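K.L.:
I'd like to ask some things about the structure below.
Here the Cβ is made from the backbone with ideal geometry for all residues, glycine too, and neighbour counts use every protein chain on show. Read-outs: derived from the displayed coordinates by stated rules, not from any lab.
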Amino acid sequence: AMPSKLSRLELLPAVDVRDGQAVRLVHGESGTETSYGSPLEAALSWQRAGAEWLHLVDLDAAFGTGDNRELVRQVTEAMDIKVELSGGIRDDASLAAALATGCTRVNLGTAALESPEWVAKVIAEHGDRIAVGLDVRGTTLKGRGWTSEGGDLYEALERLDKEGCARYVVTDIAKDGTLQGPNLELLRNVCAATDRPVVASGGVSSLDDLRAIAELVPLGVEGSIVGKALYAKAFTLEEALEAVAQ
Ligand SMILES: NC(=O)c1ncn([C@@H]2O[C@H](COP(=O)(O)O)[C@@H](O)[C@H]2O)c1N
């Protein structure tokens, strides 16, 4: 593989919080949670292993089953590394609270489906501290913890591009928590549709899968979120970082 000056693929280990625990689901389905203990210990583990980013989700807030605001605040404050924070960020107050944690950026999901004028305003005011999470089954967007129906993926990308959105985080729900491998086709198709950076999520199962996503960096894929493969020890984060470096 020929040398290049392009950046390497960024890795964002996930810490998804439900009922006070770091959890992994299958297709994000409520009730399929596997718990891996405290979110703080999980986050600090990834930081010790050399993580540059943490992808931190309050899943109770996404589902609407209470929240974990104090814990995700504490985790964010403990990180020296960059933190991408999401879950429940759907109006001015929840956005203000999220930003006050000192996270590096937030992801908006449901609000891009239910409150597009508000998302447009937030993008215009906050720039690259905002990314939109586009979570699909096929090309159909889903909200509210993936329990609600949104529209077509590409319609949304076209609108959000025009509104000046900086970055998209794209999950294939059918791959998430499955260790089936990532949907590379989805990533290539999204990169064909937008010139903004794209962060992949869902299905990574192996170092070879990360290498495959890394090949798409020159198409526009900036990073990869990894959950179950790290928690289930398919590989270490040290190994994953070396795999995408070189
Ligand atoms: N069911 C799930 O696993 C799930 N549901 C939502 N999410 C994440 O929650 C966040 C969106 O929350 P909201 O829709 O409240 O903005 C995004 O990061 C999105 O990927 C999940 N990981």
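K.L.:
Could you check the simple spin-label distance between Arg8 and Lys82, using points 7 Å along Cα→Cβ, in nm with one decimal?
P.N.:
The answer from the label model is 1.5 nm.
K.L.:
Still on this structure: Please list 129-135, 83-89, 94-100, 23-29 highest first by mean number of surrounding beta-carbon atoms within 10 Å per residue. Mind showing how you got there, number by number?
P.N.:
Numbers: 129-135: 23.3, 83-89: 24.9, 94-100: 16.3, 23-29: 18.6.
Those peptides, ordered most packed to least, come out 83-89, 129-135, 23-29, 94-100.
K.L.:
Over the Cα atoms of the chain, compute the convex hull volume and normalise it per residue, giving Å³.
P.N.:
Working: hull volume 27.5 nm³, N = 246.
That works out to 112 Å³ per residue.
K.L.:
What does the charge add up to near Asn183, with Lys and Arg as +1, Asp and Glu as -1, over the other residues with Cβ less than 13 Å from its Cβ?
P.N.:
Details: positive: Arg137, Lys175, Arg188; negative: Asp135, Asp172, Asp176, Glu185, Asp209.
Net charge around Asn183: -2.
K.L.:
If the viscosity is 1.567 mPa s and the temperature 4 °C, what Stokes-Einstein diffusion coefficient in µm²/s follows for segment 100-246 when Rh is the Kirkwood radius over Cα pairs? Mind dumping the intermediate values first?
P.N.:
Details: Rh = 15.7 Å.
In µm²/s, the coefficient rounds to 83.
K.L.:
Right, next: Could you order peptides 60-73, 145-158 by the average number of other Cβ atoms within 10 Å of their residues, highest first?
P.N.:
On the way: 60-73: 18.4, 145-158: 16.8.
Listed from highest to lowest mean packing, they are 60-73, 145-158.
K.L.:
Amide H to amide H, which residues 5 or more places from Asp135 or on other chains are under 5 Å from it, using H placed in the peptide plane?
P.N.:
Counting only residues 5 or more places away or on other chains, the set is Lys142, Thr171.
K.L.:
My understanding is that a pair violates if its Cα-Cα distance is over 24 Å; which of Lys82/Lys228; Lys82/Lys162; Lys5/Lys162; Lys175/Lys233; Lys5/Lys228 do that in this structure? Could you put the intermediate results ahead of the total?
P.N.:
Working: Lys82/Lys228 20 Å; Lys82/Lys162 27 Å; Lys5/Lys162 29 Å; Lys175/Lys233 18 Å; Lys5/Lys228 31 Å.
In this structure, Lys82/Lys162; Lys5/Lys162; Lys5/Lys228 exceed 24 Å between Cα atoms.
K.L.:
If you place +1 on the Cβ of every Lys and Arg, -1 on the Cβ of every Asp and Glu, and leave all else neutral, what size is the dipole of segment 31-103 about its Cα centre, to the nearest 20 Debye?
P.N.:
It works out to roughly 120 debye.
K.L.:
Using Cα pairs closer than 8 Å and at least 6 residues apart in sequence, work out the relative contact order for the chain, in percent.
P.N.:
Details: 509 pairs, mean separation 47.5, N = 246.
After rounding, I find 19 percent.
K.L.:
While we're on this one: Per the Kirkwood treatment, what hydrodynamic radius in Å, one decimal, follows for segment 1-118 from the mean inverse distance over all distinct Cα pairs? It would help to have the intermediate numbers written out before the result.
P.N.:
Numbers: mean 1/r = 0.0665 Å⁻¹.
By the Kirkwood definition, the hydrodynamic radius is 15.0 Å.
K.L.:
Please check: in the Gaussian network model of the chain (C-alpha springs, under 10 Å), which one of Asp195, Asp58, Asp172 has the largest mean-square fluctuation.
P.N.:
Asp195
K.L.:
Further question: How large is the charge dipole for the chain, taken about the Cα centre, if only the Cβ atoms of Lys, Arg (+1) and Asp, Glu (-1) carry charge, to the nearest 20 debye? Write down the numbers at each step before the final one.
P.N.:
Details: 24 positive and 38 negative charges, 53 e Å.
Taking the Cα centre of the chain as origin, the dipole is about 260 debye.
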